[PDB]
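First, one chain by itself in structure tokens, the form deposited in one PDB entry.
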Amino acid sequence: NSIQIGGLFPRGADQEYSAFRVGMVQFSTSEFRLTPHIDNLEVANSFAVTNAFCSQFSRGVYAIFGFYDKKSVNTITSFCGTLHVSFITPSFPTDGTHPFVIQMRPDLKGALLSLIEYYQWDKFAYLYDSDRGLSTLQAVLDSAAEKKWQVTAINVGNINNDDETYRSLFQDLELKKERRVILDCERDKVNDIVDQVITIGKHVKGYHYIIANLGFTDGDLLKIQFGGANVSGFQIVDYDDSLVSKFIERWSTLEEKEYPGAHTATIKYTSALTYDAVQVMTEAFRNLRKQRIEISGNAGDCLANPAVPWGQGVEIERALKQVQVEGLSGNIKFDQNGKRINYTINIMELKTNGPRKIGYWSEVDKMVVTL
């Protein structure tokens, strides 16, 4: 009748949780009910993530949908890989292979290195956070040496008080008259950084910013004041897609009281990846059942040692990774390591009349423009 799944949600991930439930309803079938048990926790907190996870496993969940960050990812992967429990996640994709983790989020390092070559940049800064990993860094680092680039790669993820040091930033940035900045970092240090360019100095219109994430047109970014600066970014949810359009139809009209974060025209890519994740677990589980593969018994201590992995574990993983569907985030399909493949990333520039889609980037490592 019903399947047990976990939900590990970060403190205050309202919209994502709303999109999750909106998914539970949308792909629900008479066939079976997904029965989630949600924990809200500090994801940066490894202990608390361990506890949340262990709590789920002790309760016999087959699959956990949740989030991690740089500080807790190894906990997720090690425990998932040990107990043979599957984590479906909108969080940043791990470098290197990892069993039992299913990555809803397409990598972006490639589209990005292409965007750089496209604008034929050769001298620029890459101002980074470590918070969604630093595998991207390694990539710009490798190509700079390979494709002969001079790059000023600063981890600006070190902030305190002294905005004396913040003006120091751009102060030094003009040492070579760069003007070309890639921003790979949280939204706060994006606003703060650019705000420094505007307030403290000139010439504002002179810079071109590449915003290194997949939610250019998620509402927040284009709220900041760039001046007349060129501003480029990425988008993974195509609001011109029919599948997306019908979704925002109902979404834009949900009650905000009943569904925190909804009742809006856009949707953050992480919430879109959440919705899609529910379709994905859903399909996986119907593929299992179709093969009459029993979900299923004890599953006690996760710190049980020696540990025993559910026997049905590699099957469920198998089912998840073999899923192929279209979602809010385009073509959804995974390689053997649970990574997104055959996806498209839209390439965006901000213009007087809004974000325009100047092209896209195919996981066949190709950047294609539009007329």
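C-alpha atoms forming the largest set that superposes within 1.5 Å between two forms make up the rigid core. Numbers follow the displayed sequence, beginning with 1.
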query	finding
No coordinates for residue 297 in a third or more of the other PDB entries	yes
Other entries lacking residue 255, at least a third	no
Unmodelled deposited residues flanked by residue 162 on one side and residue 163 on the other	1 to 3
Extent of unmodelled deposited sequence, residue 292 relative to residue 291	none
Segment of higher mean CA temperature factor, 41-49 or 25-33	25-33
Mean C-alpha B-factor comparison - 67-75 and 280-288, higher one	280-288
Out of 107, 220, 184, 178, residue topping the C-alpha B-factor column of the entry	178
Maximum C-alpha temperature factor, selected from 98, 84, 148, 268	148
Lowest, middle or highest third - CA B-factor, residue 152	middle
Assigned third (lowest, middle, highest) for the C-alpha B factor of residue 309	highest
Chain thirds of CA B-factor: placement of residue 332	lowest
Chain-relative CA temperature factor third for residue 316	lowest
Residue 341 - which third its CA temperature factor falls in, relative to the rest of the chain	lowest
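As for the form deposited in another entry, it is not shown, yet the points below apply to it.
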query	finding
Displaced residue between the shown form and the other one, judged on C-alpha after the rigid core is fitted, out of 220, 283, 241, 117 (threshold 2 Å or more)	220
Shift of residue 202 between the shown form and the other one at or above 2 Å (CA, core fit)	yes
Did residue 256 shift 2 Å or more between the shown form and the other one, C-alpha, core superposed	no
Large Cα shift (2 Å or above) at residue 71 between the shown form and the other one, core-fitted	no
Cα distance between residue 125 and residue 226, which in the other entry differs by 3 Å or more from this form, closer or farther	farther
Comparison of CA distance in the other entry with shown form for residue 222, residue 213, at least 3 Å	farther
